[PDB]
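Please read the structure below before turning to the comments.
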Amino acid sequence: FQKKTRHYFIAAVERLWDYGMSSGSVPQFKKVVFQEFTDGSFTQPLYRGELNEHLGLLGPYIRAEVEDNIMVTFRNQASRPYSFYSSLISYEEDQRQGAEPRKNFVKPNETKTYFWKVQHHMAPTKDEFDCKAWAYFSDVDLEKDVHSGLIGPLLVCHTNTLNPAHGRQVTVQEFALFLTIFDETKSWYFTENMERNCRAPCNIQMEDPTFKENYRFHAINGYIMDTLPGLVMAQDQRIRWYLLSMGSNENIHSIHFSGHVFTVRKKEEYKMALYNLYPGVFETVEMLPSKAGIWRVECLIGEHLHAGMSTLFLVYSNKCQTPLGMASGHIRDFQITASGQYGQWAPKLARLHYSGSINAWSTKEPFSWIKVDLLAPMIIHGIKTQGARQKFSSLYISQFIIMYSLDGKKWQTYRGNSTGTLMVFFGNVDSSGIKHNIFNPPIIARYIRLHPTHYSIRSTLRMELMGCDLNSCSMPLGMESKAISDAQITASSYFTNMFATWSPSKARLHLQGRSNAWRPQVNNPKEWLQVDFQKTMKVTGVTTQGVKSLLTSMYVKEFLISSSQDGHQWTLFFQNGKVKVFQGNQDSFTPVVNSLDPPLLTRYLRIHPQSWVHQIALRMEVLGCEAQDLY
Amino acid sequence: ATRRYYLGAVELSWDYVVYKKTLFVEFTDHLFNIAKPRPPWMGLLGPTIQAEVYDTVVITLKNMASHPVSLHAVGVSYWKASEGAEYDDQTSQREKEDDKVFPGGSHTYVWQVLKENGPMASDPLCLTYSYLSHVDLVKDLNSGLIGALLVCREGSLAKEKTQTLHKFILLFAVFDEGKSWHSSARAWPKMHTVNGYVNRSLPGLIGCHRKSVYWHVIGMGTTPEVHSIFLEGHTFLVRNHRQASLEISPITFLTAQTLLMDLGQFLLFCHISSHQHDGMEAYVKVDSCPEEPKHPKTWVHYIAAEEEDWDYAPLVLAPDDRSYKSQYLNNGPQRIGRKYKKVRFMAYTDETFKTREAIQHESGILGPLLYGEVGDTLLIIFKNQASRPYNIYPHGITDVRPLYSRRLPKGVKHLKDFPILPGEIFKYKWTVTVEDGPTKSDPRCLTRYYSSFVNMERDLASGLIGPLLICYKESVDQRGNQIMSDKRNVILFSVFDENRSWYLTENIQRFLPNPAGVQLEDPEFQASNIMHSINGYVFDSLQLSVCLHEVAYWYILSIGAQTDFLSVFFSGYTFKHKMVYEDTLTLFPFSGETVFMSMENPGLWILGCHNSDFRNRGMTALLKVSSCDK
Ligand SMILES: *[C@@H]1O[C@H](CO)[C@@H](O[C@@H]2O[C@H](CO)[C@@H](O)[C@H](O)[C@H]2NC(C)=O)[C@H](O)[C@H]1NC(C)=O
Ligand SMILES: *[C@H]1O[C@H](CO)[C@@H](O)[C@H](O)[C@H]1NC(C)=O
Ligand SMILES: *[C@H]1O[C@H](CO)[C@@H](O)[C@H](O)[C@H]1NC(C)=O
Ligand SMILES: [Ca+2]
Ligand SMILES: [Cu+2]
Ligand SMILES: [Cu+2]
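Protein sequence lines correspond, in order, to chains B and A. Under PDB author numbering, the residues of the first sequence are numbered 1691 to 1713, 1725 to 2332, in order. Under PDB author numbering, the residues of the second sequence are numbered 1 to 16, 44 to 210, 224 to 333, 377 to 713, in order.
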């Protein structure tokens, strides 16, 4: 096991503070932020990924293990020169100096690069959590350069907790939360008061009841209207929260998550419902959000809530009603086929809460619709629907009907309990109208279409889906555990000599050896492999794989299946038309989630290889359980 | 089991002749019929509702008010068909009706405790949680909607049918009748106080004497408004992390316990200057009982209270009208590096109070470093050598009695009362027992202090401060006593408000040139003497010498600088307080806390505090680090 020197090419820039949701006179603001770049040539802006856009109006994650190396090659791009600073900023030694100028000052366009061993000083402990949380900010003016906008998160981890995949994730999913109450008597704000809001209609309110951030700013980042974006999480994969309050001396914030509870470590771990964040106290706390649906975080402090903390988070993942995954789903799943167009396109990006200007679905089309392949027959209990925000335009969909297909071929409309002819659904009312519709009787589908019945400026949408699975026996039938005896499987024929016996009794999803899989005596498509269940079974699908023969690769590319009740005559598998051309392997290893449209009820299952790689070679497994026994 | 609580919410008229609200009723209704548990400690309180780990509670609220009012929990799980919190959680038609009970409505409530929200393996037997109401969070609260809601392991109905427990719910709460449901002319709205028991008001009951009493304490308000609560006996549950004084903020609840001595209804503070006048109080009648039908050290201190002069900023000075610092000291003519006449504790060699005790020019104003492990006895022999009379009392120990007798100075109710005039000396005995020292959890040395108590700060502010250290047992045995235990060192965060000092206008005939315009009571001059400092030293005045690879404990406290709290700094350095590692210490005005530090970051470091509105009003020092020798 190794140590790593992990640099982070990072800088400081500006743009700032948007509101446009639903709740147009909106103001420009021009505060400073940290920003992660791509290399020394400070060019690639390093697009903030869907996985960390919650971070939003503060800086990128900087992360390390115990016996590690942290490095920051930093460029300032601004007016007032700023700097990097946190606690373990372990400077070094001494110098021929004049009372030790240890002053960190980073002038615009200059590059101040610093890097240091991260001792067990900064590390979390055996008593603690898998990772502790620390702040970095500009120390040029720690007072102003915090309302200005140089808040930053820093994570320090136990050894063997991160990945090749960057960051960690061993049942993780982390989020930071940055609760301040920003104010502009701080940082260059002069270049805002008479930069915008004033021309020849000016000279109105100097510092009398004007309070422009105690007119607004109650941060949970600075996407902190009463709604910030990226709080996507799986209703299990237990989520760690990084709460760090900052600001001034009224900046106590007491946060909680409705209908959820979390555990905090210290001496031990004791269970808590809300946490008085203090300024300078960098909390880590974890929870297991086993209640599906759509919630929020709020600083419970009366007057704070009532000017910006009611800031949503969504859980999708099962019991049963979780978000079906639109934050936690499928990067660019499914969309339409002509219905939907406006440069800033359709889905691709039409999810709930998706922050930005290029955000959601968008079509000035009297005849429209969008389509989600749930990639499996699913229960859909409801649909949270919301709208977007334009130039100064409020635009959304006001009315909609919902059609679904369980199959793809023949569709039809919907008729939520005893309505009339057709189930008319009520849309949004603004650019943040999360109007969680529920399906009165539920819906079982694979595909859902949404069709507008009236729009604002454009048929315009962003949405999540409510529900969860039916729960078929997606559990290994006994090929792996070998609950199915070596006796219990024959094949069409087996290859055999002296240095090998590739008998059918070897076809096992992961099996090592000299002869570690099934092989036919020669290579024919009308060749097969047969499982015999000593009883009557129900099947989801067969997991296929090839063999690593130390010789060459061997695997099966395409196959067929056949079923029987008698075990001597065979009714084979079909699509909605001809036989099922099965999408099989491509390597010595790697298995295949290959399942069946009509769950096959049988007792005699036969594999029918069609196309292969070098020889026909099979390590495999069946998924399922059983209905009644034989009759 | 499966528990039901059929109780709605009402409008009621309140008192102790000023102010009438909306409360949270208690009653056995199907309609509107009386039903009361409330007599004692229950103030404005929806009934303390208790459910165990595996249970399922059903509140059904009947609303009666001009108010649209909700019901919403914390610390518990439920379906989006409760929550009781309006905002677009998508929620179908019937899933939002829990969110706001339209005025004079009626709604059922679906409440669950799962395993995942029961209390953790080792902590409070029973968790502190409250039940709120939020439609208009600010309104619903200040008005008067709040109750206690408790949750704990498999056995209340069964192991409190057979168990004995002395438990109350104290609701430390700050309703503001200007933020009520409610809206020439001279007398605008007000309140600020415990359980709803105002000013000095007192509630009800007590617990038995020879054992322990548990209180689920719920923090309240509609603003960032911190308190700091006390009474006699230590208040040792936080975890079994073992605390000087319950310290409550915005919205706070964890749950704590204490022991007892006898009948003395013990005094119940909010103990801060600002909250005081309009503050919180209640008694505690600790009575007799129903249910019966390498040894220990001996320390010595000769300390005198004694008048001297204090230059807060000697080393460094550079004023004119050139700064906010330039303004400090005597706002008439005199205004350079700032000199006042103070009275600080100072210890002598022996009864012959003659031999000057060599000083610790790092502790500045601070008294001699007092220390005593559990089991020891402090014989503290104390002379006044300042005219205007004072005394000595340690916030920490409870067994403090005059040396030889168990008398009370001929007349007074207890020593922190009146005693010691100019000249006269008193022999005090401080005996320290396990109860006032640390534990198998804390550090090994909790931080405390001694003030004088003839006047409170009209004393203290004038210089009466010194650090008291109570500690775990050890001597060439126990833990860490094989080559050396590296020395003890104290920082004191203190605003001295000369404006109150028992040397008030004494000091104006002094340093200030001419009272030929004897001006007093002023906007800027009052601000001109509020001295935000660490050990009297201010504005990077005498810092501290240390070196790298050196390692020892810091003991720190907030005193005199009140009305507020202190998040505290240390540039680039990090400490192990509470056996975690944090970089900033949050400190109240009781605030005794004890950190530990590996000194190995060479350079100037600007120790101050994480609040950047005093560290400009002074309130900063420096620290230096560089290799040593030995
Ligand atoms: C209890 O509350 C009453 C409320 O009036 C306090 O009475 C006055 O408070 C004003 C504050 O503006 C002070 O100027 C006076 O000291 C009080 N005057 C009267 C008429 O008594 C009162 O201070 C409170 N009691 C306590 C605990 O001191
Ligand atoms: C370099 O950065 C700062 C940003 O304010 C500025 O002084 C200067 O104009 C920049 N250099 C360029 C783009 O020529
Ligand atoms: C629609 O019918 C279902 C059938 O049980 C019912 O549960 C639901 O309450 C009805 N929808 C309404 C009136 O909200
Ligand atoms: Ca609801
Ligand atoms: Cu807050
Ligand atoms: Cu108070």
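We treat Cβ as the ideally placed atom computed from N, Cα and C, and that holds for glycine.
Taking buried to mean at least 16 other C-beta atoms within 10 Å of its own C-beta, is A/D404 buried or exposed? Flag for A/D404 reads exposed.
Between which residues of its own chain and B/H2054 is the CB-CB distance below 6 Å, once the five residues before and five after are set aside? Cβ neighbours of B/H2054 beyond the five flanking positions: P1930.
CB A/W14 to CB A/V85, shorter than 8 Å? No Cβ-Cβ contact shorter than 8 Å links A/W14 with A/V85.
Establish whether the CB of B/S2099 and some CB of chain A are separated by less than 8 Å. Chain A contact via Cβ: absent.
Can you grab the Cα-Cα spacing for the pair A/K127 / B/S1712, in whole Å? One C-alpha to the other measures close to 22 Å.
Tell me the start and end of each unbroken alpha helix (DSSP H) in the segment 1883-1968 of chain B that is at least 4 residues and wholly inside, in chain order. Listed in chain order, they are 1891-1894.
Would you mind giving the Cβ-Cβ distance between A/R427 and A/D394, rounded to the nearest angstrom? I have them listed as a contact below 8 Å. With 8 Å as the limit, A/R427 and A/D394 do not qualify as a contact, their Cβ atoms being about 13 Å apart.
Below 8 Å between beta carbons: does that hold for A/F509 and A/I386? Going by beta carbons, A/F509 and A/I386 fall outside the 8 Å limit.
Could you name the residues of chain B that A/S149 contacts, counting a contact when the two beta carbons are closer than 8 Å? Here the neighbours are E1969, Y1971.
For A/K499, which residues of its own chain have a beta-carbon under 6 Å away from its beta-carbon, when the five flanking residues on both sides are left out? The residues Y476, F536, in chain order, have a CB closer than 6 Å to that of A/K499 in the same chain once the five nearest residues on each side in sequence are set aside.
Can you list the residues of chain A that B/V1962 reaches, using a CB-CB cut of under 8 Å? Those within 8 Å of B/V1962 in chain A are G102, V103, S104, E143, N144.
Quick one: list the residues of chain B neighbouring A/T669, beta-carbon separation under 7 Å, in chain order. At a beta-carbon threshold of 7 Å, the residues of chain B lying near A/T669 are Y1979, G1981, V1982, ordered along the chain.
Measuring only between beta-carbons, confirm whether A/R279 sits less than 8 Å from chain B. True, the Cβ-Cβ gap to chain B drops below 8 Å.
Less than 8 Å between the CB atoms is what I'm expecting for A/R121 and A/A108, so what's the real figure, rounded? The Cβ separation is near 7 Å, so the contact holds.
Assess contact between the segment 648-658 of chain A and the segment 679-697 of chain A, defined as three or more Cβ pairs (one per stretch) separated by less than 8 Å. Is contact present? With a cut-off of 8 Å, the segment 679-697 of chain A and the segment 648-658 of chain A count as touching, because enough Cβ pairs lie within range.
Under 7 Å Cβ to Cβ from B/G2168, same chain only, skipping five residues before and after it: list those, please. Once the five neighbours on either side are set aside, the close Cβ partners of B/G2168 are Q2022, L2025, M2079, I2080, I2081, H2082.
Beta carbon of B/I2149, beta carbon of B/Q2087: below 8 Å? With respect to B/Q2087, B/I2149 sits apart: the two C-beta atoms are not nearer than 8 Å.
Partner residues on chain B for A/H693, Cβ-Cβ distance less than 7 Å: Result: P1980, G1981.
Which same chain residues end up closer than 6 Å to B/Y1815 when comparing Cβ atoms and leaving out the 5 residues on each side of it in sequence? The residues are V1773.
Under 8 Å by beta carbon: chain A residues contacting B/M1823: For B/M1823, the chain A residues whose Cβ falls inside 8 Å of its Cβ are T657, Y664, in order along the chain.
Assuming contact is defined by CB atoms lying nearer than 8 Å, are A/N467 and A/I503 in contact in what I supplied? Contact flag set, yes.
Could you tell me the distance, in whole angstroms, from the CA atom of A/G563 to the CA atom of A/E633? So the alpha carbons of these two residues sit roughly 16 Å apart.
Entirely within the segment 2106-2165 of chain B and at least 3 residues each: give me those beta strand (DSSP E) ranges in chain order. Secondary structure remark: continuous beta strand (DSSP E) runs of at least 3 residues inside the segment 2106-2165 of chain B, in chain order: 2125-2127, 2138-2156.
Considering only the alpha carbon of each residue, which of B/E1737, B/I2102, B/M1988, B/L1978 lies closest to A/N144? Among B/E1737, B/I2102, B/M1988, B/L1978, the Cα nearest to that of A/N144 belongs to B/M1988.
Which residues in the same chain as A/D318 place their Cβ atom closer than 6 Å to its Cβ, once the five residues preceding and following it in sequence are excluded? The residues are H232.
Helix, strand or coil for B/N1977, going by three-state DSSP, please let me know. In this structure, B/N1977 counts as strand in the three-state DSSP scheme.
Going residue by residue through the segment 235-322 of chain A, where are the continuous beta strand (DSSP E) segments of at least 3 residues, counting only ones entirely within it? Runs of the beta strand (DSSP E) spanning 3 or more residues and lying entirely within the segment 235-322 of chain A occur at 253-257, 295-298, in chain order.
To the nearest angstrom, how far is it from the Cα of A/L587 to the Cα of A/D580? A/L587 and A/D580 have their alpha carbons spaced roughly 10 Å apart.
A/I548 - containing beta strand (DSSP E), residue span: Here the beta strand (DSSP E) through A/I548 covers 548-554.
Which of the three DSSP states is assigned to B/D1795 in this structure? Correct three-state label for B/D1795: coil.
Beta-carbon within less than 6 Å of A/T75's beta-carbon, same chain only, minus the 5 sequence neighbours each way: which residues are those? For A/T75, where only same-chain residues beyond five positions count, the Cβ hits under 6 Å are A175, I196.
Under 9 Å between beta-carbons, which chain A residues line up against B/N1770? List them in chain order, please. Going along chain A, no residue has its Cβ under 9 Å from B/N1770, so there is no contact; the nearest lies around 17 Å.
Expressed to the nearest angstrom, what Euclidean distance is found between the alpha-carbon atoms of B/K2227 and B/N1770? For B/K2227 and B/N1770, the distance between alpha carbons rounds to 60 Å.
Please classify B/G2003: does DSSP put it in a helix, a strand, or coil? Look at B/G2003 here: in three-state DSSP terms it is helix.
Three-state secondary structure assigned by DSSP to A/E79: Correct three-state label for A/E79: strand.
For A/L453, which three-state DSSP category applies? In this structure, A/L453 counts as strand in the three-state DSSP scheme.
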